[PDB]
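Think of it as A, B and C in the order they're written, each chain with its own count starting at 1.
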Amino acid sequence: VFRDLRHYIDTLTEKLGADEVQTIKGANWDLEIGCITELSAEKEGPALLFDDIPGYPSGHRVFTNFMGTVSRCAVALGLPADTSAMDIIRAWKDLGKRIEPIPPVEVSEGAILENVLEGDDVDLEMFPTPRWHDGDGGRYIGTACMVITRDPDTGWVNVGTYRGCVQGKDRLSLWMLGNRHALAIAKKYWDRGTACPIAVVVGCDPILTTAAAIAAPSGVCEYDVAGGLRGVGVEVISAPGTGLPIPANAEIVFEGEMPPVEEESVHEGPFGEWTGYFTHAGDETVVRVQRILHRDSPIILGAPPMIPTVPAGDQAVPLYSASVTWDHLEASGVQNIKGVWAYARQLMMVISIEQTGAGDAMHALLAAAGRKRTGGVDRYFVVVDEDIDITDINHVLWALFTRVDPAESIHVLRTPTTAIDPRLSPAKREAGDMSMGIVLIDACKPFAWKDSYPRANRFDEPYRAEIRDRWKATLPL
Amino acid sequence: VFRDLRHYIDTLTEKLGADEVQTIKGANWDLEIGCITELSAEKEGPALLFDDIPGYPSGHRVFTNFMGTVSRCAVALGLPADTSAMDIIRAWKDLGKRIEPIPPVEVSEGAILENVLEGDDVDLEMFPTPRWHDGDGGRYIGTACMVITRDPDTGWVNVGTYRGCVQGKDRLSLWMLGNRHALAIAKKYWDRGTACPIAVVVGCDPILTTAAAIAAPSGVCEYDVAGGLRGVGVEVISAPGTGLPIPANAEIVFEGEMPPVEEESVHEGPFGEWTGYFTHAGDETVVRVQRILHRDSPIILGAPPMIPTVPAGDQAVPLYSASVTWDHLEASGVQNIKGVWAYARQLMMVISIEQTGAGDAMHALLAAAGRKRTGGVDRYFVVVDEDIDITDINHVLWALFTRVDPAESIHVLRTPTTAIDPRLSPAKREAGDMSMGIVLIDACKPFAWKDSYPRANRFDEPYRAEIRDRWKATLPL
Amino acid sequence: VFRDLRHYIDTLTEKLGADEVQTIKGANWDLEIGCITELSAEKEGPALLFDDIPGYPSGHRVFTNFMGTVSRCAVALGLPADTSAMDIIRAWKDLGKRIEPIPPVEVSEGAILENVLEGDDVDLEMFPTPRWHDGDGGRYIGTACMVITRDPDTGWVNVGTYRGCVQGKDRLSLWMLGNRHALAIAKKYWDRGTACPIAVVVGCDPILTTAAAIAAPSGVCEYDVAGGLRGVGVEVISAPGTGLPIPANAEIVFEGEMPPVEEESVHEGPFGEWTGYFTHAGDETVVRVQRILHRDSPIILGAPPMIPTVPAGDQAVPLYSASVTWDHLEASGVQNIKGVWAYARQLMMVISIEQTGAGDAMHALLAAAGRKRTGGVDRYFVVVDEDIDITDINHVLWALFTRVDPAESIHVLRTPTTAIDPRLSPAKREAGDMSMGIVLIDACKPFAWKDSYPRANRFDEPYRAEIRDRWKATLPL
């Protein structure tokens, strides 16, 4: 529950020390910002606040890696700064069950109205938008962002997150996969020979984009869902030109209309997919930007895609993957679950149970492998006992390294993949052949003889936590 | 919604002709009744009403195979006599979602009070109980039955179905698997050095035992659930001796108490498990029978176990298996489901989808294989396209025979089984080794080339149904 | 040993009651007859005798499903109406060994001469020929039929069964696979610039077509073989126009000549292959029909292809498949064979042995899998112990469901298939790639521990037969 981006940054330095966010002066938008973000992300550095970008006025800032740590996700979710990775999951999972839609609160004034820019004054190049990676088609101002549209017939307002590239001083490309709600709406104003009116937020309260990104059902306005996660409706404004609701204290908004493909498209160069590879460039859907709103010292909220095994700068904890699988395991009557986690979004799913029967391990693997398809590359599935910290790749590895008989525990299944999968050959795709496969890896102590298992040389968790909280100041631990 | 067994039999002959139930005179309780039931069941004969059993008074009857057909399950569920097998599933599945507990209705009079028998008059041998199979430990009067107990502290009343063998003129053995609600309750009166008071119904309205058998949650009195499936609470009576609620128009009730194992057990010979094999004999939990209630011409409702690939005389349609898997496939986001069915309870699960993507088939297989473990022998899983009648073993076979590449479509998975599995070796069990396996068989037309699939030489379903309903009288069809 | 079709129908109602054959009035040749045949066949109804077909004179009849039951095959083979399925096999197998060629008996008069039709009077459309399935290329009067030709040089007369479609009022298409004896002969009269003279029988004594269908060696006139199975030579007539021998009391004969492909072909639409799929339409070999002979109230003997897992209306017992495999198992020194059966012609072969050694089961599987290739789709092979009724799909299933360890007993072999196989992809065929595979499934009680196998809950066979023959009238059983 944040007022705006700045309340969030503050909150971070309140709960974590002034070191938790660090301001960087004189990095360049071209490659340099992105490359810093990527390395800092790998090293779980501070959240980065980029200032005095050469060619740009002071306070014209970029904020990256803003939720690229466990402890950060906890603050953002407003739990104790020191809440465990798996506790966050437990929390998220259970929030899921007790949240009702709380609508946005109208509100009359707000920081978004400090600088409004119309007709000629509309220059997208005014922002210090980075070119995040060599090979991007342009500069992607719209990453951790909101794309807002209103259904004209009902009045549902849908906020989702589509990549937005700067295509000129008044054009912003968006890429929406076929099935996107924004597009569903959009087509109402097309089959009526108007444009589809749209606003697009490119910096603001991260809880809001956390929500924009949530795969909310149709008809359901993800503004409400945000209200749900914070507990009070979000402070909002009729955008002047289009009427659409935008955040009162947002950082930067573009308003205006998006016509049909057949009338104006632009070339939307590649950008990185979630699997850590560049997707395809095409002629994409573009928006004519008619208004720019921005606060003084406007910050862009930047989440450029990284390879998925790097901490994800916009939520390092895999909230959705971990939690939704966990609900499926329960529904699938798997028992004594101690934890569910995902590395690289969903490419290794990990499950920690307490085995009470011979079939538990294989039952959890098949359960996890059969859950609701999402992003359509699946690969590894790993079950382990209740003494493995599955949020700690090292610990999971040691289990894969020391509790797996490869002749018995590795189950390679031959199954199809999806076009998105970087490992499908041109020859295969073209022939409609989607064969890939998955691995079910049973890394559990064998049940028949579990009590006879060699004992781990490692401190128990309680003690680990006694020493941690005792040697708090002194030493990272 | 039946008044009693006799309303049900009537209903059967009303909806199906007087041929649907047939009365059999002069078969013997020893083997002969059972053996007739088994063959008639295989041939989907009439529901059998056994009369003039030698050594027994007229009207002392046995009723078997009472729901051993699709069309019978439909009448019992009170849908059109001619409702399709899969329509029944669709119905059951959806009833599941709209039923609330409707409690039993007290009622003052009823047919159960025509003959009450106390102290010396209590002779279990009075009933023409069959010895259903050679190898049964005795005569099993308690098959399609209700075992009623009341929790003394709360007052929850639990009705479940445990095998009941006649162990003398006043003793009835029951076998309850460790985790049975009756036993949960029972242990309250043991840890208090009283017996556990119990009544046991051995003939009555089959909807009632349909419900007794439903794996209802703890705390939940499956009398209510019966109320749910019929739409009105069930007509019921405080049994005189124990207070427990029993059906007003029931056929035969035994009331009395069951002490702890350590005080009186009996040898409870084998009887057939659901997998079509004899389980183990042991010293079992026994009930001292103190009252016998029975109507004039009392009928025993008999469901002896058959091998599971025979039509199950007590519900030939696999209501629970088919429906609960279907809910899991939905939850697991499998789509365009046309049908789910099970042969031999759950040993082949079959799923009919309409493929819209390369991964559908394997996704449905894994989804089904990971669902909530129940009876703990799993074996085959089969997915097919939307033109297969999966309720017709012949049609499913032809798909397994003509749409499976064995080198690509048969996925043998190595997984553990449970002690109940007749194929686990003594050597394995003793060593705690439960290895068995399952098969995922993709019997779908290959998606990459589906439109090029050879065309089936078989009448479309609409036409099949035009000719069927047109040539109705004339010819079985 | 039947006089003609009518002696056969009679024989059926003599041995089985008047219910065994049922006369159907006012079904239409277009689809309706076929669709009734198919459903009645699935339900093992009566043999169907179709009368008063709209547009057609009375007694112009169609007879289907004429041998679509075990008990029917027994009557046809003239054994006790109640001979077991496997007894029929045992009988067939052993007949095979004691039959010598008994030639046809000349005879002077016969029912075939009641109506002869020449030049203009030749109208094939006169018969109430059904269009058996939607998708057939025309109406297939020639299904359960005889195609008779005489070798001009030697005088061998060959009768085989090729599909015959009505192609006009005086043209009948035949499709002969490359290697067919009729064609072998035919080519003698082509390489001599005459037509090949031919007669084609389309209703008659079913023993005769049983024989026409028998894959008799070259040089061997399958008229003789018929003599062998009945014990007396068959009553026969020089057809007037061509001289060829035809049955004295046949129902319907067409006589005339068939020229070479290059001189007159017709389009021979698809019809159903034995694997339950439509084959390819092509330009086919046609016969110019010059004579029509028919008895008063002439019946067409109709065996339309059904999917192979339906009871085959023309012999539900798989005489040839079951018996010839059985001889191979013997020759392959497999021992204590109790039974061999086939479902869907040959797509699951089943073998029942009495195991006396560790290697028996796998030895029977490989033996069966290596036998003489016939129709060129093979798929499943199943061995079981001597207590399985392998003629009862339910019983075989329960064995596959409860006696197979999938991790040990399922042997998938990678082997090529043939073009006929509906599951081979266009891409594969075109590349000359015939990979498919087969499964060897050992469903035997494991020998090492067989005596410890859980005991079947099912009535022994003797008793099953005591109750069956005791409760004969009373109840189907």
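Going forward, contacts are C-beta pairs under 8 Å (C-beta built on N, C-alpha and C of every residue); 3 or more make two chains touch, one makes a residue touch a chain.
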Worksheet item: Is the way these chains touch best called a line, a ring, a star, complete, or other?
Response: line
Worksheet, complete the sentence: Using only protein Cα atoms, the chain sitting most centrally is B
Response to the item:
The C-alpha superposition of subunit A onto subunit B, two copies of one sequence, needs a rotation in degrees (nearest 5) of 180
Item to complete: Determine whether subunit B and subunit C, two copies of the same sequence, contact each other through the same residue numbers or different ones, counting it as same when over half of the numbers at the interface appear on both sides.
Response: same
Worksheet, complete the sentence: So, in whole Å, the Cα centroid of subunit A is separated from that of subunit C by 65
Item to complete: Would you kindly tell me how far, in whole Å, the mean C-alpha position of subunit B lies from that of subunit A?
Response: 48
Practice prompt. Mind checking the centre-to-centre distance between subunit B and subunit C? Centres are C-alpha means, answer in whole Å.
Written response: 40
Discussion item. Where in subunit C do residues touch at least two different other chains?
Written reply: 427
Worksheet item: Inside the complex, what are the residues of subunit C that reach subunit B?
Response: 22, 24, 27, 31-32, 34-36, 38-40, 42-43, 45-46, 133-135, 270, 272-273, 275-278, 305-310, 343-344, 347-348, 377, 379-380, 392-395, 397-398, 400-408, 410, 412-414, 422-423, 425-427, 435-439, 446, 448-449, 452-460, 463-464, 467-468, 471, 474-477
Item to complete: Provide the residue numbers of subunit B that touch subunit A in the complex, in ascending order.
Response: 328, 331-333, 358-359, 362-363, 366-373, 376, 408, 411, 413-418, 431-434, 440, 447-449
